[PDB]
């Protein structure tokens, strides 16, 4: 299967601590430097960012398969670019804090060399089982304080119910707000049964490769992007990509937690589909 585990760097999951003035759910630009924005372009050349993803090394982002096939492609446009190093999409340069500083680096928009959807994913399916895809970027990415790779779990590692994780993004889901500043929201992992309604179709079972997180005690935590990261902070403040958004959480009266692709469960597949 041509697995190349050594192409996933050991220097992963570390971010600069450079924190500052009054927050909210807003991040500083240095937080979660593996976030990516996925950009689309329709037939009259209108562009917009409508999905997220996570930088895993200097050549790849990992996202949901539903971000690279089907509905998004007809509703928004063709897959076009991936943006790294963004913080506030409303501004450029990005400047923050009472004692003011600016991000030295303009966000980078990279082309897509190839997209690899998981072979077992079915576009339009009720369950979206195996909702994962790799995007090989056009260029080797040089890491900075604002662009760095996230760690991936091993296939035998499990998140436990009650464990708190962080979903990060710009509200780029079907029902999201489309925020301009990158947001972080803390969410509990919950029993799979609580995601019964998440599919928006009855009778779908939550598989082992799916994670249910959000819910009744996390009504202030809706955000993230389709394909966007769900993170565990493990020992030594090293962040791991426990999940990516497959069905977004909804935080209203009759809403539901989100279903995430368990990324560790696809570690072998990832390693077999990356090249230097």
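Numbering follows the first chain given and starts at 1.
With 80 to 88 and 119 to 127 compared on mean CA B-factor from the PDB entry, the stretch scoring higher is 119 to 127. The stretch 197 to 205 shows the higher mean C-alpha B-factor when 170 to 178 is compared against 197 to 205 in the entry. Take 214, 70, 228, 39 and read off each C-alpha B-factor from the entry; 70 has the highest. If you compare the C-alpha temperature factors of 51, 245, 65, 222 in the entry, 222 comes out highest.
The PDB entry assigns residue 43 a C-alpha temperature factor belonging to the highest third of its chain's modelled residues. Per-chain ranking of the deposited C-alpha B factor places residue 9 in the middle third. Among all modelled residues in this chain, the alpha-carbon of residue 263 has a temperature factor (C-alpha) in the middle third. In this PDB entry, the Cα temperature factor of residue 183 sits in the bottom third of its chain's modelled residues, the lowest group. In the deposited entry, the Cα temperature factor of residue 137 places it in the middle third of its chain's modelled residues.
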